[PDB]
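Novice: experimental structure below, sequence on top.
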Amino acid sequence: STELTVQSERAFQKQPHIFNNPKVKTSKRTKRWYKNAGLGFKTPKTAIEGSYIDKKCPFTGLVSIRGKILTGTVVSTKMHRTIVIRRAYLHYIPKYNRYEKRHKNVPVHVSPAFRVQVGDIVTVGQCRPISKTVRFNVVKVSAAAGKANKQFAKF
Amino acid sequence: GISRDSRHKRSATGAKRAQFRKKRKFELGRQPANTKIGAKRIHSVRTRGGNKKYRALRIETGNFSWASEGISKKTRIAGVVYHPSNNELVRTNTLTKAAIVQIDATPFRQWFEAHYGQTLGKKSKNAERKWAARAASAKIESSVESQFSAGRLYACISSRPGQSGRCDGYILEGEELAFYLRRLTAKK
Amino acid sequence: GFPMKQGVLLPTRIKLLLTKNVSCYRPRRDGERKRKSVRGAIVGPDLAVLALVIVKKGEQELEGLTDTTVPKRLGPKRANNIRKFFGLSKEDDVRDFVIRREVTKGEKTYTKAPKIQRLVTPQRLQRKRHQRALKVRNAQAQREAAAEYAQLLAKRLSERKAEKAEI
Amino acid sequence: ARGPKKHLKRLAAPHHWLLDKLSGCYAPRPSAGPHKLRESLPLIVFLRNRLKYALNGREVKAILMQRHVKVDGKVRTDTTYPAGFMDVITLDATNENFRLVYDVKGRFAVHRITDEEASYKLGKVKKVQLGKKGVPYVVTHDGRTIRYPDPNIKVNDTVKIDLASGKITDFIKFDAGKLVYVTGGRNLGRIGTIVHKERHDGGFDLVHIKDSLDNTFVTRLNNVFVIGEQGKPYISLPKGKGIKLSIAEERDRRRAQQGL
RNA sequence: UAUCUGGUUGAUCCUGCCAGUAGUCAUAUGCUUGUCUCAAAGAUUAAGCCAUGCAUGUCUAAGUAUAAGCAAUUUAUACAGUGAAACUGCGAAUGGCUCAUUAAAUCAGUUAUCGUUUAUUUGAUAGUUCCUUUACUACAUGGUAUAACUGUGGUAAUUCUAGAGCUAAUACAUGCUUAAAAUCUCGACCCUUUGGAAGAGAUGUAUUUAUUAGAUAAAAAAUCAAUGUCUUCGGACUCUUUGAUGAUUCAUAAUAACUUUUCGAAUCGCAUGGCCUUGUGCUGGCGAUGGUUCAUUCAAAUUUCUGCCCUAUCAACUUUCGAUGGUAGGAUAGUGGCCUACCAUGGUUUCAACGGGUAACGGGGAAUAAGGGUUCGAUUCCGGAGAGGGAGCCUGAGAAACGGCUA
RNA sequence: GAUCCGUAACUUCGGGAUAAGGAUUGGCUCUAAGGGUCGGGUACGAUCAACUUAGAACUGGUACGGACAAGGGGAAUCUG
């Protein structure tokens, strides 16, 4: 998201130790740093052509994706730059020889490289503790609209 | 003492954590530096593993780096002009990281007149070939040149003075300078 | 029996948290501080003993303050503490100007002199020689091993152009 | 609990030490050293429980203070010194040289080596890096830092180490078709020569290995040690050569050797 | 090791419980008690209270020996053997005990640190230290300031101690010597060009900041800002050097400086040999301690996933005075609302949140033997927590320590 | 007085209730938020004018609704 007007905070939002020189007259007007996150996750074109900063991005920020790689379905995109996904699974009760449905809500951080809404399947990767509860970071969006644009008006 | 654990601090369900173990030495916190300007005072705090930290408080000289010229000079600090976290640290002149200060503009001016010789604002043999080779390195800026007229440059702190005992920074240039100038002008 | 402490104030008792290297307290543990009773430094009526140091002797002799000189128990031990003690101008072979104390094994009189500490001997010179030697030999050996590593890199750089030249 | 631990109790000791269950509350906690807790051997355990030269731990220290046993050339007079895999233990008295190498049942073996094989050991290079001032260095599986190696030495290779000089004389790469000693896991002590390395980017690569009865098995990389080419090893192998006959073949092997 | 029997009726067949029966590494208690091996034991209730004693100290050839201590002999008039005391180093943060708290907490299996500290051990690792570089600065080696000790004392009392006089160091505070170069900056001069030149400084490591390099996706060109090697003076430039990971602003290097400037051996025992300019000249072995940085080990701190008993006569909880998230700062060993400022209104929940109870420390395990289960786990191992209840802290690598301190 | 917190039995569910019970309050110097009008072919800037609320530092013989003004409260019984 990030709601462009990117310099929206009281500090100047910049990437650390990325210098773009005022003397050398570069006709791209800003240097950007972006990285490959590893594990075959393709860095999106919104992370290279984007002009946000987002120091917890998996591609343009200082976090590294290492540990578990989970997936989930998105149930809350109301916080700024962090969503909450649902992760449902089955718990085997060994006495009754059968299962029960369980779920867990995981809050993950979502870069402004992706646009996520409620219902989309995301793949997230474990990173360092981002906030009090955020330990994961969106590395793949596996849905775009979940058939939203295919519901227009009549003829 | 100060703790920095999450053994207090209600869980994500909003439940109050029951009180587990007594306060731990390895979850310690300490009091802020609140560095002022003038009359260098630095105390040493014994951290974990020995490994002393240098709690600066009231320091006055810094090592500021003119980034587009490649140099670093030791200069005075005049005062804190802007702070993105708290305006109180602007009011009481407390130096932390990311503060915006006014430094000295004298050794950078003297270096620029030794390196290019152009008298910001407004003889012998080898520096003649030198100042031939430059110039196309001496067209610096409008907005950074015009501060040298005032005898004070805007700068940012980049060292954490409470942990390092230094107030080192760089000099504001380009869009960062335009951003902080838009901040400083439209509050006065 | 509470001892007086220099410059507390205040002629009554007070409980201070005494620390290491501080009078009126000896610590039984490293870093341990202990809160103890201490009378301050102004003389009053509660004192059973004053302690006076004669800075100037008066006209009439006391019993055993002036008339007896108790000797010093030990003499100087370090080399320069003996050279200072006699004014020796450091050539003067301080091994001979040591103080010897004679003791009696009943009917046979032995004598002991202490030890000269920080005294230059052949052993100290030999050890200094070995340390200055090992620094130089070590630096030379690392420079040589760096040189052979550069030789190894060179014979792989002539080698990694050869397989580009035969294709 | 407030700091490092110093006592290792019996029944918490590693099981391949074969310390007796009764008769002792404690077990020798190996010192800090080149190897770890669960993959080493104190010298008291070697000189008393394996070699039976000492009857006590008092006699083990009585031995070790006469400078007799020396591990990897250096004298090493610590009672619970953690001698580990690939170590050369030189007894100058009795003219004996042992190499700590793994049994097929997973135990440290009493394996005598000859006096020329005692002048090198093998080190699996655990990390290669650039040290200060741009000096490359290898770190083997027993903590040795060896500066200026060959640039062809990469990680998971093995290296021959000369044990008087700390230097390298030869190295074997990790390749499909090269002999393997397995050090850890369910297949600790097995041997032989490789099938295929499964990559698994993201953690815990696997190696498929096939001994000389064509019994293929799978281990992780951290248990895999290279010890030479197919056939020819670089070291003396223990008895049994890392085969792991099953329990039926084992009892049929023992009931063959029963004629007195 | 897949078992049933007695009791409702005048008698019958049922549902159904009561009672019997068998075990208990499950406690108590009664009667009884000859032998061998094995051996739990103040858990339940009072994590209630404690007299007394003990449980943590430590010295090798190798830190400090003038004990006015002992042994006196055998080369020692500085010492040189044994060795109390005390200084110094180290440990005392291990062990041992208990189970009060504690219900997503602890813990178990599994992960991560590209998010950190680490004494010790183990392996590597430091020629640069001073000074506008001919009248220089101890390096054959620098300064006081104490302990034990002697002597004078105080108090009813103690692991209480004051005053006075000596004297050590691997304690404390200081301070030098080491190559030759390469590369940078500046440059006394002239000579006018496509300029070319002595010599002055800097140049370890550590901290802190900023900038740069840290290449690789396969073949060809043109311009502009500076200047570089060979010059057959049009201009060519031919060969150009580079590790790791899945992944980095990584390792590492380079530049400009910065720092109440860290470290770079004024230490110890045995051996005492080799050279000639004979100066008590230069050199010289084994190993003891200590020390910078890295790696390793011993760990630690956080952390991913999944899993806990009963309760709805607990259905809404969280934001009070952080509750969920963003930005910036502080703090930390470090990530992080851990804390502060500004901002946003989020976060959990019938898949049981939140509250309550637990006569609840969790696990490996224990009892019961058709299969499935059911109950127990204070207790020999692992992990956690606590030392009467709370809190605060010194020392240290490591403690929020209680056989440490403060309230 | 005002501001902020916290409020019980009972109830005709409207109340009780300013329940009960607590804290703050000056001066000075700052900070932040809340506005009006003008020109955009078919993202902002100039300028002008308000007292309201919140916060911070400093300060004093701990004082501050500084005079004035300005509820005592609760547990019940009889009764309308």
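Specialist: The structure has been received and is ready for your questions. Residues are numbered from 1 along each chain as shown, chains lettered A, B, ... in the order given.
Novice: just the helices in the stretch 1-150 of chain D please.
Specialist: Ranges of helices in the stretch 1-150 of chain D, per DSSP state H, counting those that start in this stretch, are D:43-44, D:58-64.
Novice: among those, which is the most enclosed?
Specialist: helix D:43-44 (a mean of 24; mean count of other Cβ atoms under 10 Å in any protein chain shown). (Each C-beta comes from the backbone N, C-alpha and C, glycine too.)
Novice: show me what it is packed up against.
Specialist: Where contact means 3 or more Cβ pairs under 8 Å, 6 or more residues apart in numbering or on different chains; DSSP states H and E, helix D:43-44 is packed against helix D:58-64.
Novice: elements contacting the helix it packs on?
Specialist: helix D:43-44.
Novice: okay, how far is it across stretch C:147-165, tip to tip?
Specialist: 27 Å (Cα to Cα, to the nearest Å).
Novice: quick check: the residue of chain B nearest RNA strand F.
Specialist: Nearest to RNA strand F, among the residues of chain B, is residue B:187, at 4.5 Å (Cβ to the nearest atom of the strand).
Novice: residue contacts, that residue?
Specialist: By Cβ atoms under 8 Å, 6 or more residues apart in numbering or on different chains, the contact list for residue B:187 is empty.
Novice: show me what residue D:182 bridges to in the sheet.
Specialist: Beta-bridge pairing for residue D:182 (DSSP bridges): residue D:224.
Novice: pretty sure it sits against residue D:221.
Specialist: No: shown here, residue D:182 and residue D:221 do not form a contact pair, counting by Cβ atoms under 8 Å, at 10.8 Å.
Novice: so is the longest helix along chain B next to RNA strand F?
Specialist: The residue-count maximum for a helix in chain B (DSSP state H) belongs to helix B:175-185. No: contact of helix B:175-185 with RNA strand F (Cβ under 7 Å from any atom of the strand) is absent, the minimum separation being 7.6 Å.
Novice: buried residues of that helix, list them for me.
Specialist: Residues of helix B:175-185 classed as buried by neighbour count (16 or more other Cβ atoms under 10 Å in any protein chain shown): B:176-177, B:179-180, B:183.
Novice: with stretch B:52-68 instead?
Specialist: Along stretch B:52-68, these residues count as buried under the neighbour rule (16+ other Cβ under 10 Å): B:53, B:55-57, B:59-60, B:62, B:64-68.
Novice: in chain D, what residue lies closest to chain A?
Specialist: Nearest residue of chain D to chain A: residue D:202, at 5.6 Å (Cβ to the nearest Cβ).
Novice: contacts only, for that residue.
Specialist: For residue D:202, the contacting residues are A:39, A:69, by Cβ under 8 Å, 6+ apart.
Novice: residue D:134: neighbouring residues, count only.
Specialist: Number of residues near residue D:134 (other Cβ atoms under 10 Å in any protein chain shown) recorded here: 7.
Novice: quick check: it vs residue D:94, distance?
Specialist: In this view, residue D:134 and residue D:94 are 47 Å apart by Cβ to Cβ, to the nearest Å.
Novice: and what of residue A:61?
Specialist: The value you get for residue A:61 to residue D:94, if Cβ to Cβ is used, is 64 Å.
Novice: just give me the neighbour total for residue D:165.
Specialist: By other Cβ under 10 Å, neighbour count at residue D:165 equals 9.
Novice: spatially central residue for the chain, please.
Specialist: Assuming you mean chain A. Using Cα atoms, centre = their mean, the residue of chain A that lies closest to the mean C-alpha position is residue A:110, 2.6 Å off.
Novice: to clarify, I was referring to chain B.
Specialist: Geometric centre of chain B, nearest residue: residue B:157, 1.2 Å, by Cα atoms, centre = their mean.
Novice: got the residues of chain C near chain D?
Specialist: C:145-146, C:148-149, C:152-153, C:156 (Cβ under 8 Å from any Cβ of the partner chain).
Novice: now do 6 Å
Specialist: Counting by Cβ under 6 Å from any Cβ of the partner chain, the residues of chain C close to chain D are C:145, C:149.
Novice: would you check how far apart the residue in chain A positioned nearest to chain D and residue D:61 are?
Specialist: Closest to chain D within chain A is residue A:39: 5.6 Å, counting by Cβ to the nearest Cβ. Distance of residue A:39 to residue D:61, computed by Cβ to Cβ: 53 Å.
Novice: strands along chain C, start to end?
Specialist: C:13-18, C:34-39, C:101-105, C:108-112 (DSSP state E).
Novice: report back the residue of chain A that's furthest from centre.
Specialist: Most peripheral residue of chain A (Cα atoms, centre = their mean): residue A:95, 40.3 Å.
Novice: measure residue D:143 to RNA strand E for me?
Specialist: Per Cβ to the nearest atom of the strand, to the nearest Å, residue D:143 is found 3 Å from RNA strand E.
Novice: no, scratch that, I was asking about residue C:112
Specialist: Computed with Cβ to the nearest atom of the strand, the distance linking residue C:112 and RNA strand E is 4 Å.
Novice: so where's the longest helix in chain C?
Specialist: Using DSSP H, we find that the single longest helix of chain C is helix C:122-157.
Novice: now do the buried residues in that one.
Specialist: Neighbour-count burial for helix C:122-157 [16+ other Cβ under 10 Å]: residue C:149.
Novice: at contact distance from RNA strand E, anything in that helix?
Specialist: Yes: where contact is defined by Cβ under 7 Å from any atom of the strand, part of helix C:122-157 touches RNA strand E, namely C:122-133, C:135-136, C:138-140, C:142-143, C:157.
Novice: neighbours around residue D:84, how many?
Specialist: Using other Cβ under 10 Å, the number of residues around residue D:84 comes to 21.
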